[PDB]
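Worksheet: one structure, shown below.
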Amino acid sequence: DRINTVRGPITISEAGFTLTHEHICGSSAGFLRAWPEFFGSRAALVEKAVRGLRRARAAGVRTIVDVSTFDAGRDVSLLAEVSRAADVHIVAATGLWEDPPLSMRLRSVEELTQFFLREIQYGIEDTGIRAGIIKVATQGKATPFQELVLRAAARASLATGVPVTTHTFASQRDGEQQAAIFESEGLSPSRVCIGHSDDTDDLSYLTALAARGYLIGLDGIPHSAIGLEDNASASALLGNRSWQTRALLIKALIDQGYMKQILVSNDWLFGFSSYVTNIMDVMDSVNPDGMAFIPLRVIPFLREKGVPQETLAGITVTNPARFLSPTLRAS
Amino acid sequence: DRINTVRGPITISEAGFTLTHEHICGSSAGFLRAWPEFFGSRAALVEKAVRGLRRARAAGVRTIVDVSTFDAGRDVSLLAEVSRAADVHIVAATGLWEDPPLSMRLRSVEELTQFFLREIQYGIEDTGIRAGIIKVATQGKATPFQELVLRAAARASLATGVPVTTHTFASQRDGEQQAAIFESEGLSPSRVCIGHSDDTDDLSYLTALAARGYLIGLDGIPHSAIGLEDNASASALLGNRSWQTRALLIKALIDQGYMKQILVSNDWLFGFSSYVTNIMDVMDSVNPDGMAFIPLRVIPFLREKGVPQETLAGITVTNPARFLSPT
Ligand SMILES: C[C@H](CCC(=O)O)C(=O)O
Ligand SMILES: C[C@H](CCC(=O)O)C(=O)O
Ligand SMILES: [Zn+2]
Ligand SMILES: [Zn+2]
Ligand SMILES: [Zn+2]
Ligand SMILES: [Zn+2]
């Protein structure tokens, strides 16, 4: 009946329009508490995030999934404050992203499983806030540690029913190795979203995973450095493909019969310290609408291409509800 | 006249017997808060650290310098709790160690200088606790980022007078490159402790540094895997040299005229999550005295070798006071 948020359980019906891959703040563990002035101030970051979430809410968003892990500087107390003030539901994540510290990198698959279970079953830190999704990452072929993370995520998912979502190098077809490892642990593809899949134009790679039951995370639609060609750091981060090109992958998967496997998001954030210093300012200049980009820009774009509104509502409301609803625990 | 501790400012005379390179808990940023069960529980880690610090206090220790940085999982609230319950002063550190996250690795020398200054001049996190030392690290030739960290540490030291202490690969003579970079920033060697220097047996490396005015950190005296030869991970971390061999480097530098530039410590910890899982139990099994090892074992070892008590008081009381006092 219920999904865990940073404010407690909500019914599946209350989730509504859901962005399945977002960040309040992309940072590092302990960084926001040790150096809040990097973001101007903690209060400034809160105000910026609350305004951004209110803008998404006015455009119809009711829930976001914050896929920031421990090592991406997830601060669940910040998410809770920002969720309350904006009245947008936020689902928090466990797992590990691309910057685990030594204290994570040295751990066994059994130990990592216990850590992920702790954040789902007991709570994150001392807040009692329970994670509602598990996030994992590869950047090409998995390192041995990344394999352990994938297996621990699958084991925690099976034990708790909460879904798994991933970071990929889509152009290296990362989803295929991730799928192989998840299936070796007996995880159902319908409980796995292969994320950053709009970073590639290889439809055959995406449709092969979708045909296997995997969810395809088309989650970075406004990520584009067009017009920023002189900015090496922004170009490397955001790529030189247009948001229209990324958005047309949504239509392509619909046209090929895979609507039920699509999830869409912005992969936006309101603070960003794990990259070059000016990057949040640059991104905000590109996409002032922030997390409202999906409802304000992608939906009207696809509507005029002929995608029916009921199909778009199914992708943005029903598909995330099915994904986030916990399934039965194993045993 | 004042040194910043996790309980506030203290005067120089209050420091007393001081261990200049120690850790309450060797971890990673955010880890103790996110996964306290790794240590049994936060309360169990507190109780273990308080018992261990009380044992060091009974052996004569009055102050320790916790050289855990942000990325070594420094939790200054934990330091404060344990300091208060064992009545041992704890000086906290800023700087960066060998595991900086992306949000640190991407920063400029100017940005890093601002961060180090913040923890010294303003306070750590939202606690108001101010750092009294800057910790830096190399493992062989400095990476480009480590060069930035060394320069930012020099700039923060020059602006505040707080000293700099280093992690080295002593057997690659890292202190020479660290000194070169510090001096290129105009930092005085008397503000710098070249640490882990007991990891090497090359006396000529240490005496040349000391003849340039650097302090020499013989800070890992009880680190030894003798008797643990079937344990690859403990052997790799602790080395196969005896504590006596490390302790004899103290006597050698005294015999060569450098008693006023020696700093001695244990480099012990009460929790340890940044290595293999069993490592803290292993270390405790060979050194139950923990941080009391220096006063309970090294001081009698040197006294039998003929070092007068005045010299040992100078090394354990006078040198740390001079080093930590802001200049
Ligand atoms: C902006 C954003 C946050 C992190 C992520 O999705 O890997 C990104 O993709 O870098
Ligand atoms: C025991 C200790 C803590 C970290 C350090 O001093 O680099 C160590 O030396 O590993
Ligand atoms: Zn990602
Ligand atoms: Zn993301
Ligand atoms: Zn060290
Ligand atoms: Zn140390």
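Chain naming here is simple, since letters A, B, ... match the order of the sequence lines and numbering starts at 1 in each. Whatever order the structure lists them in is the order used to number ligands and atoms, beginning at 1.
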- Message: Looking at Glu147(A) and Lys141(A), is there a salt bridge between them, counting it only when a charged N and a carboxylate O are closer than 4.0 Å?
- Response: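 No, no charged N to carboxylate O under 4.0 Å.
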- Message: Strictly below 4.0 Å, N to O, side chains only: are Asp219(B) and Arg246(B) in salt-bridge contact?
- Response: no
- Check the Zn ion (ligand 3) and write out every protein N, O or S atom at under 2.8 Å, as residue and atom. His167(A) ND1, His196(A) NE2
- Query: What residue among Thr69(A), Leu96(A), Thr165(A), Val164(A) forms side chain to side chain contact (heavy atoms under 4.5 Å, CB included) with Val136(A)?
  - Reply: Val164(A)
- Query: What residues, two or more places apart in sequence or in another chain, satisfy ring pair (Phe, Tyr, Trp, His ring centres under 6.0 Å) together with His23(B)?
  - Reply: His21(B)
- Message: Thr200(B): which residues meet the side-chain contact (heavy atoms from CB on, under 4.5 Å) condition with it, sequence neighbours left out?
- Response: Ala170(B), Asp202(B), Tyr205(B), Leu206(B)
- State whether a side-chain donor-acceptor pair under 3.5 Å links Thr168(A) with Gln178(A).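 The answer is no; no qualifying pair exists.
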- Item | Polar side chain donor-acceptor pair, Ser265(B) to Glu22(B), under 3.5 angstrom | yes
- With ring centroids as reference points, do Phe70(B) and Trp97(B) lie under 6.0 angstrom apart?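 No, they do not, as the ring centres are separated by 6.0 Å or more.
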- Message: For ligand 2, give me the residues whose heavy-atom distance to it is below 4.0 Å, by chain and number please.
- Response: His21(B), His23(B), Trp97(B), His167(B), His196(B), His223(B), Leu237(B), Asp267(B), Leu269(B), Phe272(B)
- Message: Over 60° means perpendicular and under 30° means parallel, so tell me whether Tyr275(B) and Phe272(B) are parallel, tilted or perpendicular.
- Response: parallel
